[PDB]
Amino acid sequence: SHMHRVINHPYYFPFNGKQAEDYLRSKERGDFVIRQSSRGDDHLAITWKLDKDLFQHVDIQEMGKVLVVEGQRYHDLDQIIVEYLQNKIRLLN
């Protein structure tokens, strides 16, 4: 699946939610990280910065096999990375 390969992705970090928020505090708006999630063995979480000191934690669920994020179905992790980078680009001002 995608679970055993995500640990080597450039945007994957061995952080829990709080550590992710601390990491993103000094980053630009829209920056994010992918991390493990207690929602289950086939889940991951995306933590991204909405604005100064404001973060969002988003569930990624795996279910061959696709990744679901907020109703949207993705076939590869990179597609998700592309989505959040695109979101980050649009927020440039």
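Residue positions are given as counts along the sequence shown, with the first one as 1.
In the deposited entry, the stretch joining residue 63 to residue 64 is interrupted by 4 to 9 residues of the deposited sequence lacking coordinates.
The mean Cα B-factor in the deposited entry runs higher for 24-32 than for the other of 40-48 and 24-32. Ranking 71, 10, 17, 14 by Cα temperature factor from the entry places 71 first.
Remark: residue 78 belongs to the lowest third of its chain, ranked by C-alpha B-factor as recorded.
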